[PDB]
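Only one chain is shown below, in structure tokens, and it's the form deposited in one PDB entry.
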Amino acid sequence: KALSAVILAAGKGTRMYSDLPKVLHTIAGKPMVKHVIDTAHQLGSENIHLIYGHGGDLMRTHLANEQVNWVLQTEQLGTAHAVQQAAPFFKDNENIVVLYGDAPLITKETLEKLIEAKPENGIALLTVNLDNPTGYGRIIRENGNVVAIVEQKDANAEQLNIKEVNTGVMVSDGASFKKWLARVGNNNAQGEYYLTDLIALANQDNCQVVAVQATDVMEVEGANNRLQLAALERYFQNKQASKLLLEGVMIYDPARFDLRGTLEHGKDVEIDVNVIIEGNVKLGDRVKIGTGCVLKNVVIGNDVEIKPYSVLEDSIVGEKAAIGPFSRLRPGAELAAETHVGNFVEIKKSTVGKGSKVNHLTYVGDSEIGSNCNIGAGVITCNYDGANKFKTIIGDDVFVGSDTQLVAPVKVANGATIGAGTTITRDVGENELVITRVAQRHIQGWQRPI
């Protein structure tokens, strides 16, 4: 049958000591709640009801494009109250899964098992075994079913030794949820309406609740502060690196690797220590990435080596190119096949054609550079002091001597040669040689201050 999710995300997250609400803090570059939304979506959820409250405006700006129903909870009166806000929208004969915006590691696989174990008119409850279950509600199994969740303070001596514990995530049909939610009270020490009580209420109705154990404890772990969040971060990154290693990516140290988005890869890819991969990154076969590199939203072709401490963003690099070390590719950098970019070089919004080299101490911006060019050390494309930023066009087989200033807008045609120390403001024609006539003063017998 159909499925919809409810995600609880209204918390202030006081112990984060932040102006952001609790669930907006990121894991692997994405808000915690966004992980849960994505998981709900790939689970097959028709509707996703987002219970929000604190930091309302920030939730809306940061998650403006998410396909969710925005259910604003004016008061935090408990998890049952929270879910009941969305209940008017539950279809009677759809399954409903309840998830927490601050527990982002929960997997689609675990949740499929939960949904599959839900008996008709009943509940599937996700549990977890802890080594020290102190403070948490114990699962009481009478036969194969859950008959009670006994809280720490109520449990007897032998019930305290039970390791199986309630996570609060559960699945039931929409009609059941509407019926049971209306029956939960707040007669307890905290004065709150607990979703937990649905288990007692189901048992009162002679309905079954089946437990499904989570495989990984970390899956159901929430974050109430930044220390806990950093532990979730490390577990997530290590799991991402492990999956890539098992797919054939050589990661020299998985504890020193960060993926903050998606990585598509060929075979025999090598990624050295302390690399960060952000946004959508695609690497072809036998790409090698040296230590300290940062790649954000790039496509890298087969057989390219990126040497240490290169930073690349929104760029494309063709096959057999060599980049780094200490290279910077800014947005719109498009490097063709067999190009060379070297140390202390910055390339911004420019195309560089096949075989061309830019190997030292150079800024190229808003330029088209053709094939088999040689851009010398210390070359700079610049503009006049004016308004907008104009383009430099360099054809094929051009030599640009070191320390040349190319003053946009300007064109240098095929086969041109420019001498070192030149200032180019006028168009250079095909096979034109431009050299600077320097005037120098030579003084003989000049003794330096020892």
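Take the two forms, find the largest set of C-alpha atoms that superpose within 1.5 Å, and that set is the rigid core. Start at 1 and count along the sequence shown; that's the residue number.
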Tell me which of 403-411 and 56-64 has the higher mean C-alpha B-factor in the deposited entry. 56-64
If you average the Cα B factors in the entry, which is higher, 293-301 or 182-190? 182-190
Check the PDB entry and point out which of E112, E338, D268, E247 has the largest C-alpha temperature factor. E112
Reading the B-factor column for Cα atoms of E233, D272, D258, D216, the highest value belongs to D216
Third assignment of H35 from its chain's C-alpha B-factors: lowest
Entry-reported C-alpha B-factor of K163 relative to its chain, by third, is highest
Within-chain third of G421 by Cα B-factor, per the entry: lowest
Among the modelled residues of this chain, does the Cα B factor of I450 put it in the lowest, middle or highest third? highest
C-alpha B factor of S172, ranked within the chain: lowest, middle or highest third? middle
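Beyond what is shown, the protein has a form deposited in another entry; the following relates to that form.
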Which residue, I140, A231, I380, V299, is displaced 2 Å or more at the Cα between this form and the one not shown after superposing the core? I140
Could you tell me whether the Cα atom of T262 shifts by at least 2 Å between this form and the one not shown after core superposition? no
Could you tell me whether the Cα atom of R183 shifts by at least 2 Å between this form and the one not shown after core superposition? no
Relative to the superposed rigid core, does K163 relocate between this form and the one not shown - that is, does its Cα move 2 Å or more? yes
